[PDB]
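Just follow the structure's listing: the first ligand is 1, and inside any ligand the first atom is 1. Here, residue 1 is the first one in the sequence, and each next residue gets the next number. Hydrogens, waters and symmetry mates play no part in the numbers below; they use all other heavy atoms, side chains included.
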Amino acid sequence: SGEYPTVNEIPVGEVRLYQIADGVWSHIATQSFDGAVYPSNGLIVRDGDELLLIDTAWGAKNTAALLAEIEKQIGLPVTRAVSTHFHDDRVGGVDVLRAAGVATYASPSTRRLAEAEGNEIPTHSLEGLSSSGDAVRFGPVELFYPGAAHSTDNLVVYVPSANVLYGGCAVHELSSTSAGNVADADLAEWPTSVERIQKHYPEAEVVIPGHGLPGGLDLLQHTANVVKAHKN
Ligand SMILES: COc1cc(-c2c(C(=O)O)[nH]c3c([C@H](C)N4C[C@]5(C[C@@H](CN)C5)OC4=O)cccc23)cnc1O
Ligand SMILES: [Zn+2]
Ligand SMILES: [Zn+2]
C-alpha cells in the first residue's frame with residue numbers, strides 16, 4: 001500500500017513494481033537460495049514508447065511474472081535488458097526475456113563469467129566498459145563500470161533525467177549489517193570502487209541497492225563502511 005515492498009511481503013514467484021520517479025520504476029521479487037529467502041531489485045526505465053529493463057527478477061518464473069506485471073501496470077513493451085553482473089539474481093530469466101523478444105545485453109566480462117558458471121547468458125556484448133571509470137550511454141541511462149566490488153564485473157546504472165543511481169549489488173541498503181554474499185567479491189577494492197561511484201554521480205537523488213530499500217547518497221558511504229568492517 002505504498003511502502004517499499006519487503007521480503008516477507010512478496011511470495012516467491014510474484015513481482016511488485018515501485019515508482020521511483022517519472023518514467024523510472026524498480027522491480028522487486030523474492031527467491032530461495034541455500035535454504036533462505038531474499039528480496040532483490042531491478043530497474044525499469046521508460047524509453048519513449050518502449051521500456052529498458054535492468055536485471056532479471058532472479059529466475060525464469062519470476063521473470064515471466066515480471067513481464068506480466070509490467071504489462072499490467074505500465075503497458076509498454078520491454079525491448080532491451082541489461083544485466084549488471086553474472087549472478088542468477090541478474091541473469092536468471094534471460095532465456096525467458098530472449099524468448100519474449102527482449103534483446104539482452106551485458107558486458108563481455110559478465111557474459112564470460114555467466115557462461116563459465118552455468119548461468120543464463122545475455123545475447124549482446126556491451127563494449128566500452130572494461131576499465132574502471134568507463135561509461136557508455138544506453139537508451140535513457142548511462143552504464144558505469146566502477147571497478148571490482150560485489151563482483152569483478154558489476155555495473156551501475158544512472159538515469160540522468162531523474163538523477164536516479166541504481167547501484168546494483170555493489171551498493172547495500174542502509175539497514176545492512178554485512179556485505180551480503182561476498183563469494184565473488186573483492187573486499188579490498190570495493191571501497192575504491194564505491195568512491196568512484198560517489199565522485200562520478202554527486203547529484204544522485206535516489207540510490208537503489210541490488211537488494212533492499214532505496215534511499216539517498218548515504219547508501220554509498222554506508223556500503224563502504226560495512227565492506228571495510230566485514231574485511232576487518
Ligand atoms: C547473506 O545475506 C545476504 C545475501 C545477499 C545476497 C546477494 C548480494 O549481496 O548481492 N547475492 C545473493 C545471491 C546471489 C544469487 N549470489 C550467489 C553467489 C554465491 C556464488 C556461487 N558460489 C554466486 O553469490 C551471489 O551473490 C544469493 C543469495 C543471497 C545473496 C543479500 N543480502 C543479504 O543480507
Ligand atoms: Zn551477485
Ligand atoms: Zn545481489
Note to self: So for atom NZ, which belongs to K61, do other residues, nucleotides or ligands contribute more than 12 heavy atoms lying within a distance under 6.0 Å?
What the structure shows: no

Note to self: For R98 and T123, which I'm curious about, is there any donor-acceptor pair between the side chains at under 3.5 Å?
What the structure shows: yes

Item checked: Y38-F33 aromatic ring centre distance below 6.0 Å -> no

Item checked: Atoms of ligand 1 close to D89 [distance to a heavy atom under 4.0 angstrom, numbered from 1] -> 14 (C), 15 (C)

Next item on the list: Rounded to the nearest 0.5 Å, what's the gap from CG on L219 to CG on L165? Could you check?
Entry: 9.5 Å

Check: Just heavy atoms, cut-off under 4.0 Å: does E117 contact ligand 1 by side chain, backbone, both, or neither?
Finding: neither

Notebook entry, point to check: Does the gap between the ring centers of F144 and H200 come in under 6.0 Å?
Noted result: yes

Notebook entry, point to check: Do any nitrogen or oxygen atoms of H87 lie less than 3.5 angstrom from nitrogen or oxygen atoms of ligand 1?
Noted result: yes

Check: Under 3.5 Å, is there a donor-acceptor pair between the side chain of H230 and the main chain of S178?
Finding: no

Next item on the list: Considering the heavy atoms of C169, write down every atom of ligand 1 situated less than 4.0 Å from one of them.
Entry: 10 (O)

Margin query: Checking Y166 against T84: is there a side-chain donor and acceptor pair closer than 3.5 Å?
Written below: no

Notebook entry, point to check: For atom 19 (C) of ligand 1, what's the nearest protein heavy atom and its distance?
Noted result: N181 ND2, 3.5 Å

Check: Quick check: does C169 have an N/O/S atom under 2.8 Å of the Zn ion (ligand 2)?
Finding: no

Checklist line | Close aromatic pair by centroid cut-off 6.0 Å: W190 and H172 | finding: yes

Check: What N/O/S atom of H87 is the closest to the Zn ion (ligand 2)?
Finding: ND1

Checklist line | Atom name of the N, O or S atom in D89 that lies nearest to the Zn ion (ligand 3) | finding: OD2

Note to self: Among all the protein's non-hydrogen atoms, which is closest to atom 7 (C) of ligand 1, and how far away is it?
What the structure shows: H211 NE2, 3.4 Å

Checklist line | Residue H150 vicinity, atoms of ligand 1 by number, heavy atom under 4.0 Å | finding: 8 (C), 9 (O), 10 (O), 26 (O)

Notebook entry, point to check: Which residue and non-hydrogen atom of the protein lie closest to atom 28 (C) of ligand 1, and at what distance in Å?
Noted result: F33 CD2, 3.4 Å

Checklist line | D153/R112 ion pair, N-O < 4.0 Å | finding: no

Checklist line | Under 4.0 Å to a heavy atom of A183 - the qualifying atoms of ligand 1, by number | finding: 19 (C), 20 (C)

Check: Looking at atom 34 (O) of ligand 1, is any protein heavy atom nearer than 4.0 Å to it?
Finding: no

Notebook entry, point to check: Is the Zn ion (ligand 3) less than 2.8 Å from an N/O/S atom of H85, whether that atom is in the backbone or a side chain?
Noted result: no

Item checked: the Zn ion (ligand 3) to nearest N/O/S of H150 less than 2.8 Å -> no

Next item on the list: Among all protein heavy atoms, pick out the one at the shortest distance from atom 2 (O) of ligand 1; state its residue, atom name and that distance to 0.1 Å.
Entry: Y38 CE2, 3.8 Å

Item checked: Neighbour count above 12 (heavy atom, 6.0 Å) for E195 CD -> no

Notebook entry, point to check: Does the protein put any heavy atom within less than 4.0 Å of atom 21 (C) of ligand 1?
Noted result: no

Checklist line | Heavy-atom donor-acceptor pair, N41 side chain to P209 backbone, under 3.5 Å | finding: yes

